[PDB]
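Q: Need coordinates for the below:
(9 chains, ligands or ions: 10)
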Amino acid sequence: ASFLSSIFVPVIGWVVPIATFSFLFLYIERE
Amino acid sequence: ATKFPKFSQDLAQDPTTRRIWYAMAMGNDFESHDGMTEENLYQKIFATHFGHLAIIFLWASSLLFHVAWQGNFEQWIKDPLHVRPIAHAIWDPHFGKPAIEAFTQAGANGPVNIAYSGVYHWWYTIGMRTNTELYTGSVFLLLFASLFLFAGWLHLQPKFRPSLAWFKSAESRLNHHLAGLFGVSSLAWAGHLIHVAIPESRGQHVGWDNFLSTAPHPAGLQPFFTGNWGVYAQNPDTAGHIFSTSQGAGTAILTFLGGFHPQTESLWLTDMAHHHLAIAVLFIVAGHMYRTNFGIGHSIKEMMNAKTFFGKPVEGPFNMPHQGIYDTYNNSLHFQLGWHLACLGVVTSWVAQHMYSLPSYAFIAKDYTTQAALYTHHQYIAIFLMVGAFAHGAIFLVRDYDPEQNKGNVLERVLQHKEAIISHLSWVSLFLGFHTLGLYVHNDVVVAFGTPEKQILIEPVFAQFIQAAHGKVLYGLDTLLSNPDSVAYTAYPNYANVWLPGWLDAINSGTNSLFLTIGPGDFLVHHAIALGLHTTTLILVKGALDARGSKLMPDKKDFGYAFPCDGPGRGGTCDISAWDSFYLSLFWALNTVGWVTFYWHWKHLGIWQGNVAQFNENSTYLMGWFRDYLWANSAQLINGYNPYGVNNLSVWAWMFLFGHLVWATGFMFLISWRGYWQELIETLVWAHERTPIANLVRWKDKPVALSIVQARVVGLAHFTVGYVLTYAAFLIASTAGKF
Amino acid sequence: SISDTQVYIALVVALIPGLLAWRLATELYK
Amino acid sequence: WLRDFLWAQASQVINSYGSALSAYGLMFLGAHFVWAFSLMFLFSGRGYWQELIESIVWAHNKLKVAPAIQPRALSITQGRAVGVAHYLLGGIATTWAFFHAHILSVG
Amino acid sequence: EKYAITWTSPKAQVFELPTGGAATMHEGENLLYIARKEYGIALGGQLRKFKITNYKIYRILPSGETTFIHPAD
Amino acid sequence: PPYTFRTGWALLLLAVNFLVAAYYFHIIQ
Amino acid sequence: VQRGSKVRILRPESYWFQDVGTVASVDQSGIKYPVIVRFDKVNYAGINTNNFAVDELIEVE
Amino acid sequence: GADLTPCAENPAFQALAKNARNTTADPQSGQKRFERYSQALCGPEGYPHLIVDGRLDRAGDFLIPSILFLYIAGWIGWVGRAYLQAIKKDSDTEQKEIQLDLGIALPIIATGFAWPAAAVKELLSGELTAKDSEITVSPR
Amino acid sequence: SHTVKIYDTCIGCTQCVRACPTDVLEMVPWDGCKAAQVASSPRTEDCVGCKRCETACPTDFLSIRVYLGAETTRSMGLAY
Ligand code: CLA
Ligand code: CLA
Ligand code: CLA
Ligand code: CLA
Ligand SMILES: CC1=C(/C=C/C(C)=C/C=C/C(C)=C/C=C/C=C(C)/C=C/C=C(C)/C=C/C2=C(C)CCCC2(C)C)C(C)(C)CCC1
Ligand SMILES: CC1=C(/C=C/C(C)=C/C=C/C(C)=C\C=C\C=C(C)\C=C\C=C(C)\C=C\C2=C(C)CCCC2(C)C)C(C)(C)CCC1
Ligand SMILES: CC1=C(C/C=C(\C)CCC[C@H](C)CCC[C@H](C)CCCC(C)C)C(=O)c2ccccc2C1=O
Ligand SMILES: CC1=C(C/C=C(\C)CCC[C@H](C)CCC[C@H](C)CCCC(C)C)C(=O)c2ccccc2C1=O
Ligand code: SF4
Ligand code: SF4
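A: Numbers count the residues shown, from 1 in each chain, chains lettered A, B, ... in the order given. Ligands and ions are numbered 1, 2, ... in the order given. Right below this line is the structure:
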């Protein structure tokens, strides 16, 4: 099942930092 | 005026970008949080320690799963001396087609990374044979790491949350951790070797299904209780034992040959079984010493405060005042953390010193690059654990230290004569450096002038003796286990040197790293190491002892541990704080471990290639280090990619250049300091409010330059990461390109 | 190597520490 | 630039022992030293080194070799100036000894 | 705008602005809108070589409040 | 004072320094 | 003490701690540290004079 | 060990004796060092390995230069110590530091050769060291 | 802002008041010293942490001390 690399690596490469940075930027800039 | 960071109202009321950076470097500092009390501190550290513990088991499970699913472990069993292991597989979209063909290696379908951490040798030694045991142990560590993630959550709930007196019960940790964490676990691993790993070493499968049926010994626990323990040391694995087969096998489970297995060139598994069994008895007995609620045992607070040796009045133990040290170790957490990093830092290097000379893993002495990486890894780990020992020891003297509770004791008497400690530390650093650098430059000029016989070469005749006082015939000193008429050789009253015929076979062979042959090139580098240890200690001790103030600046305790300076007054005070003496030392600590690992690596490149004469001639003068090691070995590396093509070393050729760039970037934060950069950002703030379309958007946090203490962190971070990655790309590919 | 089935068991079992890590990291405060 | 210029053209400067280009072999290593020596002044600060002298003046006060002119660390501006003069000296002299021993051999 | 500084000059002469550059004061009461109080004292000492010690730094809030903060009396 | 407890242990350790050198000089075997 | 008396210093935060000074002038009523001591070696600031209390000094002449 | 057979017996030391490089313009300075280095111990490489043990057949390596150095090095300290003892009881003492009082420095230089007879005299009189109550110290 | 502590050892030299560039310091009368005045810091919300006031003080050790605290807009020295 070597096709899981095609679906975990782009999520951790792209989706994981986009979801993390967009959470943290809205959390540090929160009155 | 935001609510981030939660743990500080002084940082959360910062309009600049300093708010963001100081949240990161004060987040895990639990002691400086807002409103943190004493018992809330320990209850939060204890549950955090379940968090770091469960990272370790989740880390070690990915080593098992990525090998079972993507590596070639079952293909590595058949021939461990030529089959090249596999760590994980590459899914990189950015690869070109000649860079998929170059990394399709070790008999695999796709691009794979050759494992240089030696975990196939450790798993093959301890009995694991197929890819299903690796997967089973992987899934077990998923559950065993979740058992700690639940435990840290459970011990934060209000009636499951431990009290303060539970943490400061120090005599009960020492009984349970020595007997149970050290002793039972050494006993359990001896049970794992005897039941499983030693029968797996003889071609005899023992798994979870048939370990209750099969016995490790055909005698079978009857000679244990009757006292006939010599039955366990009957016919061992012979000198023709082919590993994991039944040829030349034995029935013994606890044996004491000493020395190495003749094929794998590792320690005997029957020797390790009687080892961890004997360690287990010495620790369970050690864990029944201190006083708990059962009204028996030694009491440490009474051992410190004792003043009477059999009627004679003394000042304390060894007639030295150790009173109040129990209330100094136990009440402070930085005294404990500063202490135990020194304890863990000693043993970490002590692990590395005994794993190249005494290999304990099957077929690891012949897989070279896995052995060159494990030495250099645990040496650099031992570096940070020793620098942080003095670092967290110096946070103790600023923050936690109380001179009234510690009045008159041995830790007070060090702070009196602290100018005598730093002076004689400053002497040995200069006494070695003036005369070790002097003899390299002497040998450099003398060889350069074509007359190399005028070199000052000193045989290390005080370490020549120890290797001959351990049984090496090669020098002809004829003492002390190399003298066959010696009292130490024969063990005169009892003659019980069982280990000694197997030890002298191992030390007198030139086919291992056991007590390597030393010469005049090894004289200068051990005194160069001693230059690096006494000088790194000089910076760390002087920053520890002067942490509470001195002549140029008294009351440094009022300013905390990390503050920039005290201004340009009094001639200026740049890098005056106790944090700044942590800071200068990590240049030396990375330096000294460079010297101990340039010298480790180049002595073994002569052993592994059969050319011992290259090191012994050329390691006396500093061109032979520069030419025959740095220049000559980086030819396989740098040709990892050239205009003709690529090969499998092109990551290490790319990481080598990457390391030279992170290293050089860190100079920018150290040569140039802050006030140049705040006057540069104030021109970018101007030209953003004036640009007509781009001033629709605007910052929430005002851009300021990095603070003075911050870009000494950030400067040391680019320096240290680039120092590691440069050598780690040179260590691997110069060894894995030559074998 | 291991079978294609066994990889999915490892992923589903890995949600059990993934859930518990989210519970611990939020019980330790925001 | 690393393979075909710095690595490949230095094969005449470091292999030059026992010959007439021996001084360029010694100035190549000797200038790598002075370059690296300059970083002690650039990276560190003045206020560390003044504290260290106070522990060396003590051992000089004890045996009555106390100098009448008091020792001080180099000032903040001078510690930068020493660190750039020793930087430019060892960096250029590396290249001075590298250009000569390469081009006095292939020319 | 914030921190107005006023001073009375005997005549006109060229001084140096704290924001960089040289201007020319009038004769009589002057007025300069600066960014921070640090500019006004660094200007107020530059007036001392012109023998002027009659300078007053205000504090203009964005609401329109002008608080006299130097001197206290 | 004549430091008895300091010099008592320094002469013990120096006697260990001289004993190991006797093995190295073949005085004791 | 008197103008010319060598004294010693016991103030730990002072630069000339356990060093020999020379009293230049002693005042009468105020400050609480009314003794001007002209030292012979300079501190980091470059000065060589300071004020000290009456009980702060140890006369050695 | 390792293979410290003496240099007169070595095939390697005699092979290094045939391609001698003249040190000084003495035309046999190439030869008049190899016969002098024959009593030393050349290993497998052909180079004399010095012995800092203290053996009296090997006293020329370390034992003889150690007495020779420590006489000269304890000289320079003692001359520099006794000068600073003298200038402290003068009018200024800072001028006499950078700008040497040559009338006082020259008697101290000639005095020196009984510095072991003077340092032991200073040691036993208790005038070598100073009191810890008279040296400035840092706050603890 | 920062924190300016003034101890009782100063002599009324008026060198620290004539050196703080945001004019935090001022002299108040005080019957202790010979010059009969002590420095006082009634406007420490304006202090920028410059430590010009510690550089100019004669007394050993310093009668004035600046403790670097929480940094607002006035103490960062931001014109923006
Ligand atoms: C921390 C441990 C760890 C690390 C560093 C890696 C590293 C890697 N894994 Mg792997 N993995 C692990 C544990 C780990 N594995 C475990 C326990 C499992 C079983 C569930 C897997 C299952 C797995 C699969 C199925 C695949 C990878 C893949 C990969 C590669 C690409 C990264 C990726 O997509 O992640 C994938 C990550 C997951 C599937 C889930 C992560 C599981 C661990 C337990 C999370 C650890 C989080 C960590 C502790 C949080 C701390 C962050 C830190 C910065 C503070 C890379 C070699 C891919 C690959 O080989 O590409 C070629 C791929 O297809 N991994
Ligand atoms: C017998 C009962 C028992 C046991 C098993 C433990 C076990 C433990 N306690 Mg503990 N504890 C106990 C009773 C016990 N405690 C009692 C009674 C008290 C109250 C008085 C405490 C109070 C307490 C506190 C307050 C804390 C602990 C902590 C810990 C953990 C230590 C960290 C760790 O995992 O290191 C594991 C270490 C070893 C397995 C031994 C390592 C030995 C050296 C370093 C290396 C030797 C290995 C060798 C070289 C070979 C390795 C090679 C191989 C890896 C390849 C560990 C799980 C800490 C923790 O993390 O909390 C979770 C912590 O903060 N305990
Ligand atoms: C188990 C050991 C241990 C423990 C529990 C602690 C715990 C602590 N230390 Mg300590 N320390 C340790 C080891 C340890 N340290 C070691 C080994 C050293 C020597 C290097 C130090 C040096 C040290 C200093 C000098 C200081 C502390 C401080 C602290 C406290 C706060 C930590 C903090 O703010 O984190 C914040 C965490 C960070 C800022 C992390 C940034 C650094 C990361 C690791 C860089 C990583 C680079 C990058 C990811 C690499 C990518 C590679 C890629 C490009 C290829 C806390 C009590 C501080 C304190 O004030 O104490 C109260 C403090 O001043 N420690
Ligand atoms: C009068 C000469 C003199 C004397 C007797 C001493 C004596 C001492 N010094 Mg000191 N020192 C001196 C000059 C002197 N120093 C000077 C000029 C410097 C600045 C370079 C230093 C720098 C220095 C350091 C950095 C250290 C000592 C240390 C020591 C002690 C151990 C010996 C040692 O390590 O030598 C050290 C010698 C040097 C570093 C170089 C020697 C300096 C020159 C070459 C000799 C001076 C000769 C003088 C100018 C001749 C004047 C003659 C006069 C008639 C005109 C000892 C108390 C060490 C210590 O504290 O150990 C406990 C220590 O760490 N000293
Ligand atoms: C050889 C041999 C032997 C011996 C051994 C030994 C004896 C060892 C030693 C060892 C040792 C001898 C070790 C040590 C180490 C040390 C260290 C490592 C230290 C460190 C420290 C620290 C770091 C501290 C800290 C701190 C500070 C700094 C401050 C305050 C606080 C504290 C205290 C915490 C025997 C007989 C057995 C056998 C045979 C062989
Ligand atoms: C024999 C021998 C050896 C050994 C040695 C030893 C080990 C020794 C020790 C010794 C010691 C351990 C010593 C110590 C000392 C200490 C002290 C304490 C000193 C004193 C000094 C002083 C005090 C000084 C003075 C002076 C002088 C004399 C001169 C100049 C000036 C002065 C002042 C500087 C060897 C093997 C190497 C080699 C071979 C031979
Ligand atoms: C360049 C430089 C700056 C300017 C640098 C600034 C203003 C920050 C620039 C960083 C930008 C935003 C990129 C940062 C992102 C990194 C590539 C990765 C960081 C990711 C982690 C923070 C998570 C200083 O402020 C400074 C201060 C003191 C000494 C030396 C220096 C210094 O050298
Ligand atoms: C090492 C170092 C020092 C200390 C280094 C010093 C003081 C150099 C002094 C060494 C020379 C050898 C002193 C010379 C003293 C005498 C002239 C020696 C007599 C020898 C003559 C006979 C030739 C600083 O003062 C400093 C200041 C600011 C930033 C960085 C640093 C810095 O890195
Ligand atoms: S604090 Fe300094 S400047 Fe102010 S009155 Fe005292 S001595 Fe003078
Ligand atoms: S912080 Fe220091 S320099 Fe700035 S105004 Fe206040 S006293 Fe003066």
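Q: Taking chain E, what residue is nearest to chain I?
A: The minimum distance from chain E to chain I, using CB to the nearest CB, falls at residue E:35 (4.1 Å). For every residue, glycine as well, the C-beta is placed using N, CA and C.
Q: Now that residue: closest residue in space, sequence neighbours ignored.
A: residue I:79 (4.1 Å; CB to CB, 6 or more residues apart in numbering or on different chains).
Q: mind listing what that neighbour touches?
A: By CB atoms under 8 Å, 6 or more residues apart in numbering or on different chains, residue I:79 lies in contact with B:682, E:35-36.
Q: Same question for residue D:102.
A: Contact analysis of residue D:102 by CB under 8 Å, 6+ apart lists D:9-10, D:12-13.
Q: Can you list the residue ranges for strands in chain E?
A: Counting by DSSP state E, one finds strands in chain E at the ranges E:4-9, E:14-16, E:22-24, E:28-33, E:56-57.
Q: Neighbour-wise, give me the winner out of the contacts of residue D:102.
A: residue D:13 (23 neighbours; other CB atoms under 10 Å in any protein chain shown).
Q: Against ligand 1, how distant is that residue?
A: 43 Å (CB to the nearest ligand atom, to the nearest Å).
Q: Surely that residue forms part of a strand?
A: No: assigned with DSSP: H, G, I helix; E, B strand; the rest coil, residue D:13 falls outside any strand and is coil.
Q: Now it, what are its backbone angles?
A: phi -90, psi -30 (degrees, to the nearest 10).
Q: who's in contact with the closest residue to it other than its chain neighbours?
A: Of all residues not flanking residue D:13 in the chain, residue D:101 sits nearest, at 3.9 Å (CB to CB, 6+ apart). When contacts are counted by CB under 8 Å, 6+ apart, residue D:101 touches D:12-13, D:16, D:21, D:24-25, D:28.
Q: cutoff 6 Å now
A: D:12-13, D:16, D:21, D:24 (CB atoms under 6 Å, 6 or more residues apart in numbering or on different chains).
Q: will you turn those residues into a markdown table that also has distance to residue H:11?
A: What follows is the contacts of residue D:101, written out as a markdown table (distance: CB to CB, whole Å):
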| residue | distance to residue H:11 |
| --- | --- |
| D:12 | 32 |
| D:13 | 33 |
| D:16 | 28 |
| D:21 | 31 |
| D:24 | 34 |
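Q: any idea which of those is closest to ligand 3?
A: If you rank the contacts of residue D:101 by distance to ligand 3 using CB to the nearest ligand atom, residue D:13 comes first, at 33.1 Å.
Q: What count of nearby residues applies to the residue in chain H that ligand 3 sits nearest to?
A: Nearest to ligand 3, among the residues of chain H, is residue H:140, at 22.1 Å (CB to the nearest ligand atom). Residue H:140 has 15 neighbours, counted by other CB under 10 Å.
Q: So it sits against residue B:417, correct?
A: No: using CB atoms under 6 Å, residue H:140 makes no contact with residue B:417, being 10.3 Å away.
Q: So among the contacts of residue I:79, which ones count as buried?
A: Buried residues within the contacts of residue I:79, counting neighbours by 16 or more other CB atoms under 10 Å in any protein chain shown: B:682, E:36.
Q: Kindly present the contacts of residue I:79 as CSV, with separate columns for distance to residue B:205.
A: Shown next, in CSV, are the contacts of residue I:79 (distance: CB to CB, whole Å):
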residue, distance to residue B:205
B:682, 74
E:35, 82
E:36, 81
